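Student: Quick one: structure below, then a few questions.
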Amino acid sequence: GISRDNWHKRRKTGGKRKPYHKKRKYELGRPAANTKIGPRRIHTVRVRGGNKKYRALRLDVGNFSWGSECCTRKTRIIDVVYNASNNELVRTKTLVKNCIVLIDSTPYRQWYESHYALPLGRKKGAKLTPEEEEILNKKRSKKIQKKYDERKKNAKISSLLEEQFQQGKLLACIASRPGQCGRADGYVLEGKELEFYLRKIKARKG
Amino acid sequence: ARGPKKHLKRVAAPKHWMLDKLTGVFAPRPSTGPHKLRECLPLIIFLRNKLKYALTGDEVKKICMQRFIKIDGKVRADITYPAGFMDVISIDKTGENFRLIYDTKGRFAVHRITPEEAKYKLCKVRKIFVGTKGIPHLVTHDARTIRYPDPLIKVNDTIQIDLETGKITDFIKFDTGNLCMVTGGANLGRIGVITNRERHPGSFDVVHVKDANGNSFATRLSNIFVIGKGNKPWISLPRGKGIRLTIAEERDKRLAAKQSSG
Amino acid sequence: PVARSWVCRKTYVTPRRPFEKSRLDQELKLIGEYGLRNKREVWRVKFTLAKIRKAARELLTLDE
Amino acid sequence: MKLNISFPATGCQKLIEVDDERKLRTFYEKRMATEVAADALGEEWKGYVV
Amino acid sequence: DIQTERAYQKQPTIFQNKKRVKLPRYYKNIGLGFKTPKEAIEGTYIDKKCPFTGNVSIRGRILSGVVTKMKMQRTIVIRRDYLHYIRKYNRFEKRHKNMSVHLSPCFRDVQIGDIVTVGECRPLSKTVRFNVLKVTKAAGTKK
RNA sequence: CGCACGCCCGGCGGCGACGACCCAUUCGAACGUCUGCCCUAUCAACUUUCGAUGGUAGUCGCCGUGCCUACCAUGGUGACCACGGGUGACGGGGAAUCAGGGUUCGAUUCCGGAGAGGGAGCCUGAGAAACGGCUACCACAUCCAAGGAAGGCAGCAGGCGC
RNA sequence: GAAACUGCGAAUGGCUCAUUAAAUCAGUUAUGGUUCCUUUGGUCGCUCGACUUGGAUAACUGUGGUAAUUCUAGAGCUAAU
């Protein structure tokens, strides 16, 4: 059907090839997955050798990684902002590999607070009134507190990250082919990558 | 071709089988196994053509379905099972044991061995490997995977394995000054002492071999088998002892034995 | 695809000039003296000799 | 329009031929696998649904 | 200077967001006695298809032509000359076969006429299968 | 699932058959590298904004790749014969003829390719774009209670036509 | 031990040369850029949380359709690697 072959298109010299055989199967080709954002929907494609290949047609969750301290959590994709290849893949917000998405910052914040015993986001004059957040931020023995005061030293977050946390949504880049593995796994944008992409989103936006 | 091929025509059959033309159209396409299609000896060929125990492929079928023939200490009820190099074929009811090692010419000789020698075989290691728990792995020339080997054995050595346990006893390192039988190319069956190895990064490394009588010949490294340390082979050899004398010498020896018979 | 030979070969060569008096006379003297049945049986022995002489020549040209 | 009429729990069945129009006039514009009362078919078929 | 294309250009193996308190570079010697040149180690360019600072393995053939054209993007046309031997007339005939070959920005200045050594790699584009591995400046070319 | 039936206080296990994610192996397959083909100039310029040659990121595929999307770059080939046209052209191992060179043939039993009336599309399976598989249309064509049913000899024989 | 369900094979073999002019094909190398039934050899108490479970279907039994085909609808009974 959808042919994936070299013999259908002109030689290096601009001379036409006359096809010496009809379409073979291994010269295969199938329609594009076109993965949207919605409730989990995955169809299975049986491929050469009797192996499987999962078509994610809708996805909500995704395994994203805060790379600077090896904090990976399953979060909830909310929307797409910028795609490098094509900008109709933004309009009809398709999930493809290496597209910029926004994710829920809540599992990263929860880990950050429970690891450093310091607040992240939570704007000045934050009423922490359930006060089991204050349990996670206070009430230790002696030597355990020494370990936690030792560690809070190197919890200096990049201001670019700290804004996104306080807004409540982080930028991430999809590192897995979602149309072939049925997964929207990626990494949270940081440093020079983040400054590059934040310029690109603002510039395009206007 | 829309899939794997199952018929092998008699003219396409490997030449070392010495199959006659006017018998049929086909030869026995060897069933998949440890050795390659091209370089094996199918059990029907060895049993019917070489030994002359059977006359037809149906007679060979009638033998091999009584569990008589044992290849490498396991019963093989497949008449086109590929029996290749170094393989040990023990028939119990007759009380006879054969090791398939090459004639001095490019074919398999029918070399009888003793009950005590038909208990092991030499395997050329093909690739060393680490498994899924830092467990080291060997792969041999006859498709055997041996795990937890000796930590010195490397990619071109020879190992002596036992045909009950399938475990490594002793091994011969691939060095200069070690006996090697040549198991591929023009020099097929030539025994000699390794003189040199010539390294070519990206290409096939050629290895110089010295025969007993000062005959020097090269072969690609792949087609060499270290069968002994020094001049001492760890197996028994056919009559000739892998020299491959010239055609003028073979004539002289033939008509010497002829005229002596008279 | 059958189990047959197809390996046949002519064992004689007809001479170029069909009516040379000296050649007719030569061949009849062989036919009569030895009681051959026809010319072919003489041309056959010419051809076998011609092959042997060719193989001798082709080895004699090779350096000793 | 013959009727292949089978009783399951009995496990017996019979071909019963029809040539009264009015009997069949109910069955029309139904779909397959719907229970329909045979009270109308004949007086031996009374309180029956097929 | 770099990152002209819409997607962010990085050597994808090296990680550049290690928390602290120069950028590192990934490269390799590509075997067969080729000196991984100085620009590979001390450049700041990004290339998928550089044999030194990229994901291509050199294996198979090692051929050599003369640089003919340098008018396409990180690619050049070399011209390979040989003598084909006709059998009937016991003489040769001068033939040629020019191939599109991938030039890394590693080799900073090559001039049309320079001698190139090329290593076979996987197919890089429609017609590109070879990589420039060392350049030998054409006869003289000092001034 | 099948044969052998066992070894102590209701205790107590060997040969095989079948099956299985992964690994190597065997059989391959697939897409690439370098060099190689007949006649033709009454075929000298050809290819490209609907892929032509490259770059980046995707899509798809068993995988590498303009294979195909989007945005960029102006490239690729050519008197060393490109582009186009012709073949009573499937390629090769080989065959006939020969002093030495050579010329002509190779549908034809071995290897490789392509096709099953002409194109196209697919199910099942490890492997098929299969035709002694299915689904359409084009050409032909069989059987009809006229509503419908069924086709594929360039398999072995055999019939018409040529 | 017929039938039927299941498993495997039917992609090989055979036939012809219409296509096809760097295409096919031949020698030479690459997969460090892939898939692989079958075979042979490894693996298969590596995991920390029932002395054998379930509801259908065929062959079979019976009731039928249209002129027709290797068309098959309906009912009752029963299996599994």
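Quick note on naming: the chains in the structure tokens go A, B, ... in the order shown, residues restart at 1 in each chain, and ligands are numbered from 1 in order of appearance.
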Counting only C-alpha atoms (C1' of nucleotides), which residues in chain E sit no more than 7 Å from chain F? For each one, give the nearest pair of atoms and the distance in Å, sorted by chain then residue number, as a tab-separated table.

Tutor:
```
residue	atom	partner	partner_atom	distance
E:5	CA	F:56	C1'	5.6
E:7	CA	F:57	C1'	6.1
E:61	CA	F:33	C1'	7.0
E:72	CA	F:54	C1'	5.7
E:73	CA	F:54	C1'	5.8
E:94	CA	F:80	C1'	6.0
E:95	CA	F:80	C1'	4.9
E:96	CA	F:80	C1'	6.3
E:122	CA	F:64	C1'	6.1
E:123	CA	F:64	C1'	5.6
E:124	CA	F:65	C1'	6.4
E:125	CA	F:65	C1'	5.5
E:126	CA	F:65	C1'	6.2
```

Student: Restricting it to N, CA, C and O atoms, dump the selection as a tab-separated table (two decimals), in the first residue's frame.

Tutor:
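Generated output (selection24.tsv):
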```
chain	number	residue	atom	x	y	z
E	5	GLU	N	19.61	25.91	13.57
E	5	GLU	CA	18.36	25.14	13.33
E	5	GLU	C	17.44	25.24	14.56
E	5	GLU	O	17.94	25.55	15.66
E	7	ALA	N	15.59	23.06	16.39
E	7	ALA	CA	15.85	22.10	17.49
E	7	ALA	C	17.21	22.41	18.11
E	7	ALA	O	18.11	22.88	17.38
E	61	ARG	N	35.57	-0.44	3.18
E	61	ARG	CA	36.56	0.08	2.19
E	61	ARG	C	37.21	1.37	2.70
E	61	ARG	O	36.58	2.10	3.49
E	72	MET	N	27.88	22.29	-1.46
E	72	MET	CA	26.72	21.77	-0.69
E	72	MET	C	27.10	21.69	0.80
E	72	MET	O	28.30	21.85	1.12
E	73	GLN	N	26.11	21.46	1.66
E	73	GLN	CA	26.16	21.74	3.12
E	73	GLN	C	26.76	20.52	3.84
E	73	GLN	O	26.09	19.47	3.88
E	94	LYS	N	40.82	5.74	-20.07
E	94	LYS	CA	40.72	6.61	-18.87
E	94	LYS	C	39.24	6.79	-18.52
E	94	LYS	O	38.51	7.40	-19.32
E	95	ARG	N	38.83	6.27	-17.36
E	95	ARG	CA	37.45	6.39	-16.80
E	95	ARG	C	37.49	7.22	-15.52
E	95	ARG	O	38.60	7.52	-15.03
E	96	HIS	N	36.31	7.58	-14.99
E	96	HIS	CA	36.14	8.31	-13.71
E	96	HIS	C	34.78	7.97	-13.09
E	96	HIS	O	33.86	7.57	-13.84
E	122	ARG	N	27.75	3.54	7.20
E	122	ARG	CA	26.32	3.29	6.85
E	122	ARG	C	25.86	4.38	5.88
E	122	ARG	O	26.53	5.39	5.73
E	123	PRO	N	24.72	4.20	5.16
E	123	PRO	CA	24.17	5.26	4.32
E	123	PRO	C	23.75	6.50	5.13
E	123	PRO	O	22.91	6.37	5.99
E	124	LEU	N	24.35	7.66	4.83
E	124	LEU	CA	24.13	8.94	5.57
E	124	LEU	C	22.97	9.72	4.93
E	124	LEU	O	22.18	10.31	5.69
E	125	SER	N	22.89	9.72	3.59
E	125	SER	CA	21.79	10.35	2.80
E	125	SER	C	21.46	9.46	1.59
E	125	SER	O	21.80	8.26	1.64
E	126	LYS	N	20.81	10.02	0.56
E	126	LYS	CA	20.39	9.29	-0.67
E	126	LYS	C	21.61	8.68	-1.37
E	126	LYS	O	21.54	7.49	-1.72
```

Student: Write out, as a tab-separated table, each residue of chain F that has an atom at most 12 Å from chain C, together with the closest pair of atoms and their distance in Å to one decimal, counting only C-alpha atoms (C1' of nucleotides), rows going by chain and rising number.

Tutor:
```
residue	atom	partner	partner_atom	distance
F:108	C1'	C:1	CA	11.2
F:109	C1'	C:1	CA	4.2
F:110	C1'	C:1	CA	9.9
```

Student: Limited to N, CA, C and O atoms (P, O5', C5', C4', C3', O3' and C1' of nucleotides), could you put the picked residues into a file as a PDB file, in the first residue's frame?

Tutor:
```pdb
ATOM      1  P     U F 108      16.598 -19.591 -19.796  1.00  0.00           P
ATOM      2  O5'   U F 108      16.616 -21.082 -20.357  1.00  0.00           O
ATOM      3  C5'   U F 108      15.512 -21.978 -20.128  1.00  0.00           C
ATOM      4  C4'   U F 108      15.765 -23.330 -20.759  1.00  0.00           C
ATOM      5  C3'   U F 108      17.029 -24.052 -20.332  1.00  0.00           C
ATOM      6  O3'   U F 108      16.935 -24.597 -19.023  1.00  0.00           O
ATOM      7  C1'   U F 108      16.708 -24.323 -22.656  1.00  0.00           C
ATOM      8  P     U F 109      18.004 -24.185 -17.911  1.00  0.00           P
ATOM      9  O5'   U F 109      18.010 -25.446 -16.944  1.00  0.00           O
ATOM     10  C5'   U F 109      16.896 -25.721 -16.084  1.00  0.00           C
ATOM     11  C4'   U F 109      16.949 -27.159 -15.634  1.00  0.00           C
ATOM     12  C3'   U F 109      18.303 -27.637 -15.105  1.00  0.00           C
ATOM     13  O3'   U F 109      18.123 -28.434 -13.941  1.00  0.00           O
ATOM     14  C1'   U F 109      17.577 -29.059 -16.832  1.00  0.00           C
ATOM     15  P     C F 110      18.506 -27.857 -12.502  1.00  0.00           P
ATOM     16  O5'   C F 110      20.098 -27.927 -12.509  1.00  0.00           O
ATOM     17  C5'   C F 110      20.859 -28.197 -11.313  1.00  0.00           C
ATOM     18  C4'   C F 110      21.910 -27.133 -11.093  1.00  0.00           C
ATOM     19  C3'   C F 110      21.406 -25.791 -10.587  1.00  0.00           C
ATOM     20  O3'   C F 110      21.136 -25.845  -9.188  1.00  0.00           O
ATOM     21  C1'   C F 110      23.022 -25.454 -12.287  1.00  0.00           C
TER      22        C F 110
END
```

Student: Neighbours of residue 119 in chain F within 12 Å (only C-alpha atoms (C1' of nucleotides); same-chain residues fewer than 3 positions away dropped), as a ChimeraX atom specification?

Tutor: /A:22 /F:136-139

Student: Take the residues just selected and output them with N, CA and C atoms (P, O5', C5', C4', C3', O3' and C1' of nucleotides) as a PDB file, in the first residue's frame.

Tutor:
```pdb
ATOM      1  N   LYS A  22       6.925  -5.579  -8.946  1.00  0.00           N
ATOM      2  CA  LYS A  22       5.784  -4.945  -8.226  1.00  0.00           C
ATOM      3  C   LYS A  22       6.157  -4.732  -6.754  1.00  0.00           C
TER       4      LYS A  22
ATOM      5  P     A F 136     -15.651  -8.905  -4.620  1.00  0.00           P
ATOM      6  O5'   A F 136     -14.732  -7.923  -5.472  1.00  0.00           O
ATOM      7  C5'   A F 136     -15.282  -7.107  -6.518  1.00  0.00           C
ATOM      8  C4'   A F 136     -14.584  -5.771  -6.565  1.00  0.00           C
ATOM      9  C3'   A F 136     -14.289  -5.245  -7.964  1.00  0.00           C
ATOM     10  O3'   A F 136     -15.435  -4.551  -8.450  1.00  0.00           O
ATOM     11  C1'   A F 136     -12.322  -5.139  -6.666  1.00  0.00           C
ATOM     12  P     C F 137     -16.285  -5.126  -9.684  1.00  0.00           P
ATOM     13  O5'   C F 137     -15.641  -4.374 -10.932  1.00  0.00           O
ATOM     14  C5'   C F 137     -15.610  -2.936 -10.987  1.00  0.00           C
ATOM     15  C4'   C F 137     -14.308  -2.450 -11.576  1.00  0.00           C
ATOM     16  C3'   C F 137     -14.004  -2.881 -13.000  1.00  0.00           C
ATOM     17  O3'   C F 137     -14.742  -2.118 -13.952  1.00  0.00           O
ATOM     18  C1'   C F 137     -12.053  -3.087 -11.683  1.00  0.00           C
ATOM     19  P     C F 138     -15.300  -2.806 -15.290  1.00  0.00           P
ATOM     20  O5'   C F 138     -13.980  -3.052 -16.149  1.00  0.00           O
ATOM     21  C5'   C F 138     -13.281  -1.962 -16.778  1.00  0.00           C
ATOM     22  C4'   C F 138     -12.084  -2.464 -17.556  1.00  0.00           C
ATOM     23  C3'   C F 138     -12.336  -3.578 -18.559  1.00  0.00           C
ATOM     24  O3'   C F 138     -12.941  -3.121 -19.765  1.00  0.00           O
ATOM     25  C1'   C F 138     -10.402  -4.083 -17.316  1.00  0.00           C
ATOM     26  P     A F 139     -13.984  -4.057 -20.546  1.00  0.00           P
ATOM     27  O5'   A F 139     -13.081  -5.277 -21.028  1.00  0.00           O
ATOM     28  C5'   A F 139     -12.147  -5.114 -22.112  1.00  0.00           C
ATOM     29  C4'   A F 139     -11.424  -6.408 -22.406  1.00  0.00           C
ATOM     30  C3'   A F 139     -12.289  -7.630 -22.695  1.00  0.00           C
ATOM     31  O3'   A F 139     -12.844  -7.646 -24.008  1.00  0.00           O
ATOM     32  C1'   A F 139     -10.513  -8.237 -21.258  1.00  0.00           C
TER      33        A F 139
END
```

Student: Would you please give, as a list in words, all residues of range 181-234 of chain B that DSSP assigns to strand (DSSP E or B) based on the backbone?

Tutor: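 DSSP on the backbone gives strand (DSSP E or B) at residues 181, 182, 191, 192, 193, 194, 195, 196, 197, 198, 206, 207, 208, 209, 210, 216, 217, 218, 219, 220, 224, 225, 226, 227, 228, 229, 230, 232 and 233 of chain B.
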
Student: If the cut-off is 7 Å, can you tell me the residues of chain F near chain B, counting only C-alpha atoms (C1' of nucleotides)? I'd like them as a ChimeraX atom specification.

Tutor: /F:24-28,110,127-128

Student: Only N, CA and C atoms (P, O5', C5', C4', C3', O3' and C1' of nucleotides), please: the residues just picked out, written as a PDB file, in the first residue's frame.

Tutor:
```pdb
ATOM      1  P     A F  24      22.136 -12.995  20.561  1.00  0.00           P
ATOM      2  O5'   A F  24      22.932 -14.266  20.024  1.00  0.00           O
ATOM      3  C5'   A F  24      24.348 -14.381  20.248  1.00  0.00           C
ATOM      4  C4'   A F  24      24.760 -15.828  20.386  1.00  0.00           C
ATOM      5  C3'   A F  24      24.828 -16.642  19.101  1.00  0.00           C
ATOM      6  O3'   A F  24      25.968 -16.339  18.303  1.00  0.00           O
ATOM      7  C1'   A F  24      23.847 -17.939  20.818  1.00  0.00           C
ATOM      8  P     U F  25      25.863 -16.371  16.702  1.00  0.00           P
ATOM      9  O5'   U F  25      25.539 -17.899  16.391  1.00  0.00           O
ATOM     10  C5'   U F  25      26.525 -18.927  16.601  1.00  0.00           C
ATOM     11  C4'   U F  25      25.956 -20.295  16.298  1.00  0.00           C
ATOM     12  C3'   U F  25      25.414 -20.504  14.892  1.00  0.00           C
ATOM     13  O3'   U F  25      26.471 -20.810  13.986  1.00  0.00           O
ATOM     14  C1'   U F  25      23.867 -21.352  16.472  1.00  0.00           C
ATOM     15  P     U F  26      26.380 -20.369  12.446  1.00  0.00           P
ATOM     16  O5'   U F  26      25.245 -21.322  11.863  1.00  0.00           O
ATOM     17  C5'   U F  26      25.504 -22.713  11.604  1.00  0.00           C
ATOM     18  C4'   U F  26      24.237 -23.429  11.198  1.00  0.00           C
ATOM     19  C3'   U F  26      23.516 -22.899   9.968  1.00  0.00           C
ATOM     20  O3'   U F  26      24.125 -23.337   8.758  1.00  0.00           O
ATOM     21  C1'   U F  26      21.942 -23.329  11.674  1.00  0.00           C
ATOM     22  P     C F  27      24.210 -22.359   7.491  1.00  0.00           P
ATOM     23  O5'   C F  27      22.702 -22.291   6.983  1.00  0.00           O
ATOM     24  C5'   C F  27      22.057 -23.456   6.439  1.00  0.00           C
ATOM     25  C4'   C F  27      20.584 -23.206   6.204  1.00  0.00           C
ATOM     26  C3'   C F  27      20.209 -21.995   5.362  1.00  0.00           C
ATOM     27  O3'   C F  27      20.372 -22.212   3.961  1.00  0.00           O
ATOM     28  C1'   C F  27      18.802 -22.093   7.254  1.00  0.00           C
ATOM     29  P     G F  28      21.549 -21.477   3.138  1.00  0.00           P
ATOM     30  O5'   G F  28      21.635 -20.032   3.805  1.00  0.00           O
ATOM     31  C5'   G F  28      21.126 -18.853   3.149  1.00  0.00           C
ATOM     32  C4'   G F  28      19.647 -18.707   3.413  1.00  0.00           C
ATOM     33  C3'   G F  28      19.026 -17.399   2.955  1.00  0.00           C
ATOM     34  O3'   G F  28      18.664 -17.472   1.578  1.00  0.00           O
ATOM     35  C1'   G F  28      18.373 -17.850   5.188  1.00  0.00           C
ATOM     36  P     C F 110      18.506 -27.857 -12.502  1.00  0.00           P
ATOM     37  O5'   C F 110      20.098 -27.927 -12.509  1.00  0.00           O
ATOM     38  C5'   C F 110      20.859 -28.197 -11.313  1.00  0.00           C
ATOM     39  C4'   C F 110      21.910 -27.133 -11.093  1.00  0.00           C
ATOM     40  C3'   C F 110      21.406 -25.791 -10.587  1.00  0.00           C
ATOM     41  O3'   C F 110      21.136 -25.845  -9.188  1.00  0.00           O
ATOM     42  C1'   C F 110      23.022 -25.454 -12.287  1.00  0.00           C
ATOM     43  P     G F 127       6.334 -13.026   9.482  1.00  0.00           P
ATOM     44  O5'   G F 127       7.081 -13.716   8.258  1.00  0.00           O
ATOM     45  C5'   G F 127       8.289 -13.180   7.686  1.00  0.00           C
ATOM     46  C4'   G F 127       8.723 -14.036   6.518  1.00  0.00           C
ATOM     47  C3'   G F 127       7.760 -14.064   5.341  1.00  0.00           C
ATOM     48  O3'   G F 127       8.043 -12.982   4.453  1.00  0.00           O
ATOM     49  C1'   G F 127       8.379 -16.283   5.924  1.00  0.00           C
ATOM     50  P     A F 128       6.890 -11.962   3.979  1.00  0.00           P
ATOM     51  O5'   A F 128       6.763 -12.264   2.421  1.00  0.00           O
ATOM     52  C5'   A F 128       6.553 -13.605   1.935  1.00  0.00           C
ATOM     53  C4'   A F 128       5.675 -13.615   0.702  1.00  0.00           C
ATOM     54  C3'   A F 128       4.894 -12.336   0.380  1.00  0.00           C
ATOM     55  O3'   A F 128       4.897 -12.087  -1.023  1.00  0.00           O
ATOM     56  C1'   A F 128       3.387 -14.137   0.657  1.00  0.00           C
TER      57        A F 128
END
```

Student: Set the distance at 12 Å and use only C-alpha atoms (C1' of nucleotides): which residues neighbour residue 79 in chain E once local chain neighbours fewer than 3 positions away are removed? I'd like the list as a ChimeraX atom specification.

Tutor: /E:63-69,76,82,95-101,112-118 /F:80

Student: From the list B:157, B:204, B:239, B:180, which residue is nearest chain E when using only C-alpha atoms?

Tutor: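 Comparing B:157, B:204, B:239, B:180 against chain E, the winner is B:204.
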
Student: Write down as number ranges by chain the residues belonging to chain C that are assigned alpha helix (DSSP H) by DSSP computed on the backbone.

Tutor: C: 21-34, 40-60

Student: Just the selected residues (C-alpha atoms), exported as a CSV table (one decimal), in the first residue's frame, please.

Tutor:
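Okay, this is what ended up in selection17.csv:
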```csv
chain,number,residue,atom,x,y,z
C,21,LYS,CA,43.1,-37.0,-55.8
C,22,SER,CA,46.2,-37.6,-53.6
C,23,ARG,CA,44.0,-37.8,-50.4
C,24,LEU,CA,41.4,-40.2,-52.0
C,25,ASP,CA,44.3,-42.5,-53.2
C,26,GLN,CA,46.1,-42.3,-49.7
C,27,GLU,CA,42.9,-43.2,-47.8
C,28,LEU,CA,41.8,-46.1,-50.1
C,29,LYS,CA,45.3,-47.7,-49.7
C,30,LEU,CA,44.6,-47.7,-45.9
C,31,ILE,CA,41.0,-49.0,-46.4
C,32,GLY,CA,42.2,-51.9,-48.7
C,33,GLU,CA,45.4,-52.8,-46.8
C,34,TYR,CA,43.6,-53.0,-43.4
C,40,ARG,CA,35.2,-42.4,-41.4
C,41,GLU,CA,37.2,-45.4,-39.8
C,42,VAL,CA,40.4,-43.8,-41.3
C,43,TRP,CA,39.4,-40.2,-40.4
C,44,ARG,CA,38.7,-41.5,-36.8
C,45,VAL,CA,42.4,-42.7,-36.4
C,46,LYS,CA,43.7,-39.4,-38.0
C,47,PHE,CA,41.6,-37.5,-35.3
C,48,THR,CA,42.9,-39.6,-32.3
C,49,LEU,CA,46.5,-39.2,-33.6
C,50,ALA,CA,45.9,-35.4,-34.2
C,51,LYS,CA,44.7,-35.0,-30.6
C,52,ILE,CA,47.8,-37.0,-29.2
C,53,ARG,CA,50.2,-34.8,-31.4
C,54,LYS,CA,48.4,-31.6,-30.2
C,55,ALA,CA,48.9,-32.6,-26.5
C,56,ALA,CA,52.6,-33.5,-27.2
C,57,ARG,CA,53.2,-30.1,-28.9
C,58,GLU,CA,51.4,-28.2,-26.0
C,59,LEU,CA,53.7,-30.0,-23.5
C,60,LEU,CA,56.9,-29.7,-25.7
```

Student: Which residues are close to range 5-22 of chain D, i.e. within 10 Å by only C-alpha atoms (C1' of nucleotides), leaving aside same-chain residues fewer than 5 positions away? Reply as a ChimeraX atom specification.

Tutor: /D:27,40-41,50 /G:62-64,74-76

Student: Export N, CA, C and O atoms (P, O5', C5', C4', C3', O3' and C1' of nucleotides) of the chosen residues as a PDB file, in the first residue's frame?

Tutor:
```pdb
ATOM      1  N   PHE D  27     -45.992 -11.385  12.371  1.00  0.00           N
ATOM      2  CA  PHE D  27     -44.532 -11.688  12.368  1.00  0.00           C
ATOM      3  C   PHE D  27     -43.736 -10.649  11.562  1.00  0.00           C
ATOM      4  O   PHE D  27     -42.559 -10.444  11.906  1.00  0.00           O
ATOM      5  N   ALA D  40     -52.116 -16.600  18.593  1.00  0.00           N
ATOM      6  CA  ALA D  40     -52.858 -16.258  17.355  1.00  0.00           C
ATOM      7  C   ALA D  40     -52.711 -17.338  16.269  1.00  0.00           C
ATOM      8  O   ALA D  40     -53.667 -17.474  15.478  1.00  0.00           O
ATOM      9  N   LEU D  41     -51.577 -18.054  16.209  1.00  0.00           N
ATOM     10  CA  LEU D  41     -51.228 -18.995  15.101  1.00  0.00           C
ATOM     11  C   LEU D  41     -52.348 -20.031  14.925  1.00  0.00           C
ATOM     12  O   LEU D  41     -52.903 -20.111  13.819  1.00  0.00           O
ATOM     13  N   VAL D  50     -42.958 -17.835  21.036  1.00  0.00           N
ATOM     14  CA  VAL D  50     -41.806 -18.388  20.262  1.00  0.00           C
ATOM     15  C   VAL D  50     -40.817 -17.245  20.006  1.00  0.00           C
ATOM     16  O   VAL D  50     -41.283 -16.104  19.834  1.00  0.00           O
TER      17      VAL D  50
ATOM     18  P     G G  62     -31.016 -39.450  13.784  1.00  0.00           P
ATOM     19  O5'   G G  62     -31.829 -38.079  13.784  1.00  0.00           O
ATOM     20  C5'   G G  62     -33.160 -38.015  14.330  1.00  0.00           C
ATOM     21  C4'   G G  62     -33.548 -36.592  14.668  1.00  0.00           C
ATOM     22  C3'   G G  62     -34.105 -35.753  13.530  1.00  0.00           C
ATOM     23  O3'   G G  62     -35.453 -36.080  13.208  1.00  0.00           O
ATOM     24  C1'   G G  62     -32.570 -34.462  14.769  1.00  0.00           C
ATOM     25  P     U G  63     -36.027 -35.778  11.741  1.00  0.00           P
ATOM     26  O5'   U G  63     -36.082 -34.186  11.698  1.00  0.00           O
ATOM     27  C5'   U G  63     -37.078 -33.460  12.441  1.00  0.00           C
ATOM     28  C4'   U G  63     -37.024 -31.984  12.123  1.00  0.00           C
ATOM     29  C3'   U G  63     -37.086 -31.596  10.657  1.00  0.00           C
ATOM     30  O3'   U G  63     -38.376 -31.746  10.072  1.00  0.00           O
ATOM     31  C1'   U G  63     -35.459 -30.281  11.738  1.00  0.00           C
ATOM     32  P     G G  64     -38.522 -31.881   8.479  1.00  0.00           P
ATOM     33  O5'   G G  64     -38.068 -30.443   7.961  1.00  0.00           O
ATOM     34  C5'   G G  64     -37.164 -30.275   6.851  1.00  0.00           C
ATOM     35  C4'   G G  64     -36.791 -28.818   6.722  1.00  0.00           C
ATOM     36  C3'   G G  64     -36.311 -28.368   5.352  1.00  0.00           C
ATOM     37  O3'   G G  64     -37.423 -28.113   4.497  1.00  0.00           O
ATOM     38  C1'   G G  64     -34.825 -27.568   7.004  1.00  0.00           C
ATOM     39  P     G G  74     -28.213 -19.826  13.278  1.00  0.00           P
ATOM     40  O5'   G G  74     -29.329 -20.920  13.589  1.00  0.00           O
ATOM     41  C5'   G G  74     -30.684 -20.513  13.837  1.00  0.00           C
ATOM     42  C4'   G G  74     -31.591 -21.700  14.053  1.00  0.00           C
ATOM     43  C3'   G G  74     -31.290 -22.604  15.232  1.00  0.00           C
ATOM     44  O3'   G G  74     -31.462 -21.967  16.496  1.00  0.00           O
ATOM     45  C1'   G G  74     -32.044 -23.890  13.402  1.00  0.00           C
ATOM     46  P     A G  75     -30.420 -22.238  17.696  1.00  0.00           P
ATOM     47  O5'   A G  75     -30.945 -23.605  18.320  1.00  0.00           O
ATOM     48  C5'   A G  75     -32.352 -23.814  18.543  1.00  0.00           C
ATOM     49  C4'   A G  75     -32.620 -25.185  19.114  1.00  0.00           C
ATOM     50  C3'   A G  75     -31.438 -25.950  19.700  1.00  0.00           C
ATOM     51  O3'   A G  75     -30.787 -25.307  20.803  1.00  0.00           O
ATOM     52  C1'   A G  75     -32.643 -27.418  18.354  1.00  0.00           C
ATOM     53  P     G G  76     -31.260 -25.535  22.301  1.00  0.00           P
ATOM     54  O5'   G G  76     -30.927 -27.072  22.546  1.00  0.00           O
ATOM     55  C5'   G G  76     -31.693 -27.864  23.466  1.00  0.00           C
ATOM     56  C4'   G G  76     -31.346 -29.325  23.314  1.00  0.00           C
ATOM     57  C3'   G G  76     -29.978 -29.736  23.822  1.00  0.00           C
ATOM     58  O3'   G G  76     -29.908 -29.762  25.244  1.00  0.00           O
ATOM     59  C1'   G G  76     -30.371 -30.774  21.749  1.00  0.00           C
TER      60        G G  76
END
```

Student: For the atom pair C1' of residue 53 in chain G and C1' of residue 17 in chain F, what is the interatomic distance in Å to one decimal place?

Tutor: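 Computing it gives 25.5 Å between the two atoms.
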